Ligand SMILES: [Mg+2]
Ligand SMILES: [Mg+2]
Ligand SMILES: [Mg+2]
Ligand code: NA
Ligand code: NA
Ligand code: NA
Ligand code: NA
Ligand code: NA
Ligand code: NA
Ligand code: NA
Ligand code: NA
Ligand code: NA
Ligand code: NA
Ligand code: NA
Ligand code: NA
Ligand code: NA
Ligand SMILES: [Zn+2]
Ligand SMILES: [Zn+2]
Ligand SMILES: [Zn+2]
Ligand SMILES: [Zn+2]
Ligand SMILES: [Zn+2]
Ligand SMILES: [Zn+2]
Ligand SMILES: [Zn+2]
Ligand SMILES: [Zn+2]
Ligand SMILES: [Zn+2]
Ligand SMILES: [Zn+2]
Ligand SMILES: [Zn+2]
Ligand SMILES: [Zn+2]
């Protein structure tokens with residue numbers, strides 16, 4: 001489950017649910033009520049990974065980041081995931097930032113220095129390339145993904161429930 | 001490998017081959033001579049997962065369903088390729104899901120149908136039997152040739168053979 | 001860990017780093033200083049898998065090959083030296099030249115050939131029998147050749163390869 | 001900076017800020033708190049130019065009209088970006104014409120609309136209010152988000168404040 | 001307005017209209033009844049600029065040419085040409101009565117045939133040869149089609165009115 | 001001409017050539033031997049504008065930036086060529102680069118050193134263009150690495166514009 | 001004019017306006033305030049046709065459906085729909101307030117979401133699912149973009165005046 | 001065949017041929033020797049429809065206009086050919102032009118005189134098509150200038166249709 | 001419904017079904033069990049129209065021909088879809104013209120062929136038998152499958168029986 | 001816009 005890397009060892013809240021097959025490596029911080037599902041890998045060796053509270057990383061997904069060059073003309077984001085975020089099955093989340101309540105559709109890929117605003121839906125099977133800034137409260141999908149439109153209030157209320165229901169799921173385990 | 005969820009334990013046929021690293025959770029049923037390959041996840045906690053006879057779920061794939076809108080029902084002699092995501096859909100007998108494909112909720116794949124590698128089948132999409140279907144979002148390409156239907160009648164049967172050479 | 005298939009046991013160099021959750025099955029050969037990361041599956045039952053020196057197979061990836069027929075020729079999976087196969091890739095019965103980079107989430111199908119010093123973009127699909135030249139950028143689904151690589155990108159593939167080796171040493 | 005053409009003198013509100021290098025010719029009407037930035041050219045000789053209040057015409061832009076048959080009518084709190092060519096068109100309140108864009112005769116840009124930089128809006132094109140429109144030739148992409156609407160509400164009002172910090 | 005460059009002073013016909021904010025530099029020759037509108041720059045330092053009779057260079061445009069080497077074409081614009089607002093005209097040849105749509109860019113050694121329309125916002129790349137009597141637009145610009153007889157007639161009536169428009173900028177009796 | 005904005009006065013090297021019709025506003029710094037050509041506008045009022053050594057800003061171009069309250078100032082390296090009628094908006098341009106005439110470079114974009122942007126190109130916000138390439142189109146795409154002749158042309162283009170400006174006043 | 005087919009007589013609301021030259025056959029239901037304009041043909045012999053309230057079927061249009069296979077969509081049109089002149093509406097489902105551009109062709113088992121505009125001259129192929137609140141056009145038709153709230157407001161305020169247009173007959 | 005709308009009745013020249021199945025509603029004016037073929041619908045309720053002399057509106061076509069609140078009525082010149090199953094909607098069409106069968110012309114569009122629109126074409130709102138051109142596609146594009154013989158073919162296309170309708174001596 | 005043109009009267013088989021609102025003018029021959037649906041117009045004044053046996057001309061369609076060239080010849084068991092324009096062409100037995108299509112003069116459609124909905128077959132285009140052809144301008148896409156050919160053997164015949172349940 | 005695929 002946990003593995004140290006250099007001097008780093010994962011800082012995982014007591015209420016975080018961690019399923020079987022998961023591997024969390026190195027500089028990884030995970031907050032309260034977050035749930036990490038089967039065979040997910042969170043490899044915080046190149047750069048850190050921070051995951052807020054109430055966030056779900058679903059099965060077979062991978063979180064990582066590109067190698068840091070310690071140059072100043074090269075912005076190089078770590079992996080920062082907010083609260084009540086849903087990261088779908090088999091996603092690849094790579095050195096990007098994801099705002100609160102957002103939903104990354106299963107099988108999507110998010111590359112380094114991209115930013116997903118809060119309350120945003122990434123369609124399944126999408127690809128968000130490096131340095132793409134996705135605003136809050138939109139639907140964004142495709143390969144490479146396009147901003148389609150602002151979300152409806154019904155879709156926003158859905159985001160308000162998605163990650164909380166996954167928390168409820170993890171407690172019955 | 002096997003995990004209970006609430007009052008549900010997997011009902012796995014004794015001739016079912018289950019590779020190492022697999023996790024089968026909750027309301028899952030798997031039929032005779034089906035084979036579940038390395039690191040696949042079959043998570044039946046939101047809905048039931050039903051898998052017929054002689055079907056292969058290949059490595060690193062994920063089977064799930066959405067909140068209680077369909078469960079996951081897979082027929083007999085189905086081949087689900089590596090790293091596929093099979094999510095709340097229905098797949099008919101003898102069909103082949105190309106590796107790395109994504110099949111979303113309430114989709115239906117007809118029997119004897121080939122889904123190309125790396126396809127996305129969107130929610131509620133109905134794919135007819137005996138067609139080639141590919142792309143993201145997937146679209147029906149053409150009818151299957153009889154030489155391709157012949158292949159479909161072997162694919163899952165050869166994978167039954169292959170599973171037997173393991174600890175099986 | 002490692003699994004026997006018929007008469008075949010994996011041949012793995014003693015400096016190969018094999019992370020936890022990995023399954024390596026059957027006719028698999030892995031060379032010096034290579035790194036197989038967490039939950040990767042290397043299934044050499046249908047055909048063989050040969051991985052050179054200093055190569056990285058990243059997390060949740062799958063290596064396999066299609067069933068060989070008695071025909074039409076089936077390619078095994080052959081991966082050169084100092085190659086990087088990205089997270090959650092599917093590498094299926096193809097050949098990959100030295101120093102190349104397979105962007106995370108890509109799918110490379112049977113009899114395809116990736117030239118050396120080439121970059122496959124993340125999320126690409128390289129279809130059956132497609133032949134990608136060396137020293138190019140290739141991406142898309144289906145993938146197409148975009149352009150030649152710059153000297154900086156080529157130097158990146160060189161300098162990157164070694165860095166992936168030091169990373170495993172700290173484990 | 002001000003030029004006569006035949007019977008027509010520019011009618012420019014007193015609070016309008018006019019930078020150096022500007023040339024305003026003929027039948028040009030500019031409302032209160034508008035600001036016209038360096039080296040912009042507003043040539044009302046083939047036809048009239050009317051500019052509402054709080055509107056900014058940015059640097060090195062050109063306003064004109066084709067030989068007479077719509078004139079150039081720009082609403083309130085509009086932003087016309089640097090080096091734009093605004094030609095015999097109508098632009099509604101609060102809209103933003105991205106720098107380097109070209110708007111041709113009888114085109115109409117709805118209110119609260121964003122034209123992306125470097126776009127070309129061809130003759131007789133009607134662009135709806137509250138959309139993002141861009142490209143050459145331009146396409147309507149989508150409706151603007153609330154955050155983009157809020158940005159437009161503040162865009163020209165901040166430009167008015169920008170101009171006060173100058174010497175009049 | 002006029003600037004010397006080395007031993008070149010502009011050669012401007014005495015009926016040429018040169019609006020305020022214009023800068024004409026060096027080896028520039030401008031013919032009878034031509035009009036140079038507000039804030040245009042005609043920089044004849046790398047190479048010569050020659051403009052014919054009754055040609056209009058509209059507001060905020062730039063005419064220049066590339067540095068000559070060891075073969076560089078100067079900027080040559082024929083009669084009754086309309087160079088639209090904010091165009092960049094760079095080391096190219098433009099034939100009589102042609103219309104260069106506003107915001108276009110014409111690069112070195114390009115050639116626009118006479119009686120030809122270049123759509124607004126177009127980019128005509130280096131060495132491109134655009135035939136006469138055609139409609140051409142896009143970026144990079146492609147020949148769309150031949151002009152109709154009506155469009156050719158409109159070109160003959162264009163720049164003419166664009167000269168008269170400028171005549172209204174001076175005089176006391178008429 | 002030079003204009004003050006709030007407390008900011010342009011800081012212009014004594015060897016900088018500034019042509020007539022030019023307006024330089026506020027927080028703008030221009031290095032030695034740089035040449036600013038006719039009717040260019042360098043408005044450093046929303047954010048600062050920095051231009052290095054031996055750089056040419058050609059005629060009728062505009063340099064500006066977006067309002068700040075992350076947002077990038079305008080930073081232009083040494084021996085850079087900004088072509089006629091360009092719009093340079095809150096971006097970073099590395100040494101010896103050539104911005105094709107009529108191009109538009111938007112906020113937080115970065116142009117690597119020794120790169121050519123083709124005429125009439127559009128480089129949108131947050132785009133990173135690598136060094137030593139040809140990049141063109143609207144929106145622009147990276148096309149290929151530059152040949153050695155093109156890198157040589159870049160070594161000389163800005164320097165020729167220096168000598169050119171010396172022949173004026 | 002109405003026609004029996006087998007044991008189906010059209011069920012037409014008493015406030016429905018039916019213009020001259022119209023033929024309505026068999027299993028067709030038409031709701032209150034709807035208008036069927038000149039020379040339109042609504043043939044419900046292969047399968048049913050159901051039209052909601054305040055819906056307009058414009059002139060020279062045809063509504064039909066394919067031979068049903070009992071081993076299959078009828079034609080279902082919601083409320084306040086506008087079916088443009090000379091359209092072919094074939095075994096599809098059209099949601100409330102949508103507008104089918106004149107001369108369009110909608111084939112079997114297609115579904116048009118509510119508050120959607122199909123551009124004139126479009127062809128929506130078999131089993132095509134068009135989401136609500138979009139602009140869709142072409143042959144084959146493709147989703148172009150979402151509609152604005154104001155454009156949706158126009159749809160809501162439209163077919164109302166189209167009902168009133170028939171009251172003057 | 002003729003229908004009153006509000007306080008308009010059609011103004012139809014006494015030599016106009018009107019085939020069976022036609023419906024002419026409201027504010028419609030049709031000139032001398034024009035011929036309106038079977039099952040055509042000319043609905044002048046939203047706005048006016050004006051049809052010149054010697055013009056043919058062929059079978060199963062529809063003429064209408066969008067709601068008025075500029076906003077163009079439908080105006081067709083002399084010796085125009087409107088092909089079978091066309092949709093002519095709030096546009097202007099100049100003399101001697103030919104609208105290929107199954108074409109669609111949308112509101113505020115304008116077709117120059119002596120112009121050919123190819124069959125199955127779509128001319129969108131506010132598009133201005135010049136005289137003397139061939140224009141086709143969906144959406145249509147101007148292709149080229151018409152040739153001498155194409156012009157000559159236009160000069161006789163509507164006249165032949167007049168003569169054809171006069172052979173309907175039962176019907177006129 | 002039937003109209004004389006000059007010396008010509010339509011010749012219509014006594015088992016031909018002719019719906020209300022149809023107009024058949026002049027030199028038109030229509031064979032046995034054919035069915036002409038509501039508001040179709042068959043105008044045989046410029047040139048002749050000949051329709052074989054068991055053929056269906058669907059609602060709101062138009063059949064015509066150019067001034068004299077090619078007459079309009081339609082074989083047996085053909086399906087002409089709703090709102091089609093069939094103009095001076097020849098269509099072979101068992102073929103299906105998808106609804107909203109336009110077939111221009113001297114075009115030839117081989118037998119057992121499908122024209123996709125909304126297609127434009129240009130003047131003089133020769134479409135071979137047993138293919139799917141579609142688009143605007145239409146192009147031969149591929150040969151028909153067995154199910155598609157089986158489908159063509161049934162389409163017109165079903166439309167025959169459809170028309171017999173009418174009054 | 002987005003369109004471009006800078007890098008990777
Ligand atoms: Mg929205
Ligand atoms: Mg919105
Ligand atoms: Mg919205
Ligand atoms: Na926080
Ligand atoms: Na495949
Ligand atoms: Na499909
Ligand atoms: Na643009
Ligand atoms: Na003059
Ligand atoms: Na020069
Ligand atoms: Na431009
Ligand atoms: Na002129
Ligand atoms: Na250039
Ligand atoms: Na209904
Ligand atoms: Na049509
Ligand atoms: Na018979
Ligand atoms: Na079809
Ligand atoms: Zn990584
Ligand atoms: Zn799930
Ligand atoms: Zn495999
Ligand atoms: Zn994928
Ligand atoms: Zn102008
Ligand atoms: Zn254009
Ligand atoms: Zn220059
Ligand atoms: Zn600015
Ligand atoms: Zn039908
Ligand atoms: Zn209408
Ligand atoms: Zn005809
Ligand atoms: Zn963007």
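Protein chains in written order, with the deposited numbering: chain I, 1 to 173; chain G, 1 to 68, 76 to 175; chain H, 1 to 71, 74 to 173; chain A, 1 to 68, 76 to 175; chain D, 1 to 70, 75 to 178; chain F, 1 to 69, 75 to 174; chain C, 1 to 71, 76 to 173; chain B, 1 to 69, 75 to 177; chain E, 1 to 68, 76 to 174; chain L, 1 to 8. Where is the CB? At the ideal position from N, CA and C, for every residue including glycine.
Query                                                                                                                                                                               : Result
Between residue 89 (chain E) and residue 60 (chain E), how many whole angstroms is the CB-CB distance? I'm expecting something under 8 Å.                                           : 6 Å
Relative to ligand 3, what is the chain-ordered list of residues with a Cβ closer than 7 Å to any of its non-hydrogen atoms?                                                        : I:149, I:150, I:152, A:150, C:150, C:153
For a test of the three-state rule: what should DSSP assign to residue 74 (chain H), helix, strand or coil?                                                                         : coil
What's the C-alpha gap between residue 74 (chain H) and residue 27 (chain C)?                                                                                                       : 58 Å
So, residue 39 (chain G) versus residue 39 (chain H), is the Cβ gap smaller than 8 Å?                                                                                               : yes
Determine whether the beta carbon atoms of residue 84 (chain B) and residue 101 (chain B) lie at a separation below 8 Å.                                                            : yes
Three-state secondary structure (DSSP) at residue 113 (chain H)?                                                                                                                    : coil
Are the stretch 151–164 of chain A and the stretch 122–141 of chain I touching by the rule of at least three beta carbon pairs closer than 8 Å?                                     : yes
Grab the span of the beta strand (DSSP E) containing residue 146 (chain A) for me, first residue to last.                                                                           : 145–150
Taking 7 Å as the cut-off, does the CB of residue 89 (chain F) come closer than this to any heavy atom belonging to ligand 23?                                                      : yes
Go ahead and label residue 148 (chain E) buried or exposed: buried means 16 or more other beta carbons lie within 10 angstroms of its beta carbon, across all protein chains shown. : exposed
Do we get a CB-CB distance below 8 Å when we pair residue 144 (chain I) with the residues of chain A?                                                                               : no
So residue 79 (chain D) packs on residue 56 (chain D), CB below 8 Å; how close in whole Å?                                                                                          : Incorrect: roughly 15 Å between the Cβ atoms, too far for contact.
Quick one, which of E:167, E:141, E:163, E:115 has its alpha-carbon nearest residue 122 (chain E)'s?                                                                                : E:141
Short of 6 Å in beta carbon distance, which residues of its chain neighbour residue 12 (chain F), apart from the five on each side in sequence? Order them along the chain.         : 30
With distances taken from CA atoms, which of B:25, B:144, B:110, B:37 is nearest residue 16 (chain B)?                                                                              : B:37
Spell out whether any CB of chain G is found under 8 Å from the CB atom of residue 45 (chain I).                                                                                    : no
Using 7 Å as the cut-off, classify the Cβ of residue 124 (chain E) as near or not near the heavy atoms of ligand 16, replying yes or no.                                            : yes
Quick one, which of F:19, F:23, F:2, F:35 has its alpha-carbon nearest residue 86 (chain F)'s?                                                                                      : F:35
Below 7 Å, is the gap between the Cβ of residue 127 (chain F) and the nearest heavy atom of ligand 7?                                                                               : yes
If I'm right that residue 105 (chain F) touches residue 125 (chain F) with Cβ under 8 Å, what's the distance once you round it to whole angstroms?                                  : 7 Å
So is the beta-carbon of residue 66 (chain A) under 7 Å away from any non-hydrogen atom of ligand 21?                                                                               : yes
Using a Cβ cut-off of 8 Å (strictly closer), state whether residue 163 (chain I) contacts chain G.                                                                                  : no
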